[PDB]
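Take a look at this single chain, the form deposited in one PDB entry, given in structure tokens.
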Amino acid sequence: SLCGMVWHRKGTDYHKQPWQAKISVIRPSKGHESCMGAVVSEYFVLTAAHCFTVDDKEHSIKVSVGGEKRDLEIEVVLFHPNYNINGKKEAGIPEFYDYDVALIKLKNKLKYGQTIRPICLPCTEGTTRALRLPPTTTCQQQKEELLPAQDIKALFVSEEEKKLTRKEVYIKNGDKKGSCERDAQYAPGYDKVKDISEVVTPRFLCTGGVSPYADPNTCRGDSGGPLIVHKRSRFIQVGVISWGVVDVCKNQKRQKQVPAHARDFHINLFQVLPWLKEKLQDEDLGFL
């Protein structure tokens, strides 16, 4: 149950990020090819809901861990009940990513090893121990430790032919938060919406742009991967990658046009805790 730690030599890829899961869409199309996820217990991978088809979800993807070729048997897919990509079509919002989180329940128990390990989740005893915090620590205190009102150093991971690349980003959670959120208006399809908070709800964290540093941006293939805070050799998931303003894997023209506003948006796991806590209640993670 020691979450968020590497399991030791100075190896690469899944040795350095052993919670990462790779998801492939079984019947792919443009914008619907791949996703990422995080191992969160021996039976569960956390990802984005938009990675699946709404009908027969369980047979719509394959998932692999540890950089393996083999795919794991998926017993059930649990979407957050509030997720509905079509929910704001009325308002001229063609895709709406509020509550874009889902849990993959695997039929078979994972065996943890050097390349397969769980990441810590917010508001758990695993996170308390990982941050070397006292047993009096509350969920609010973990939130203060992990997401202070500042630009927060964080990271995500991109994958390509079993190779992982770690990318450092900053969560704009202080005085730049409003500016980061307002930049949703640069996203194709989001430019006409009068009140941007209709697209950027209280569920989201915001990264990207060039201040305080030049953050790399996500691609659609990174959807569902963990947004992670690294403290003293431990890794805590704080978010799930949901959607971005610029897809730098295709249209690199655009990011060069609007670098100051090229943001990525992530589901804040502190904002979906009732759902995580209930669905993971039997996984020995010790939610507070």
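Shifts are known only where both forms have a C-alpha. Numbers follow the displayed sequence, beginning with 1. Rigid core: the largest C-alpha set superposing within 1.5 Å between the two forms.
We do not show the form deposited in another entry, though everything after this point is about it.
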| query | finding |
| --- | --- |
| Listed options 160, 75, 144, 195; Cα moving by 2 angstroms or more between this form and the one not shown (core superposition) | 160 |
| Core-aligned C-alpha movement of residue 32 between this form and the one not shown, 2 Å or more | yes |
| In the other form, whether the C-alpha atoms of residue 31 and residue 229 sit closer or farther than here (change of 3 Å or more) | farther |
| Sense of CA distance change between residue 70 and residue 32 in the other form, threshold 3 Å | closer |
| Displacement runs between this form and the one not shown, C-alpha, 2 Å or more, three or more consecutive residues, core aligned | 28-32, 160-162, 257-259 |
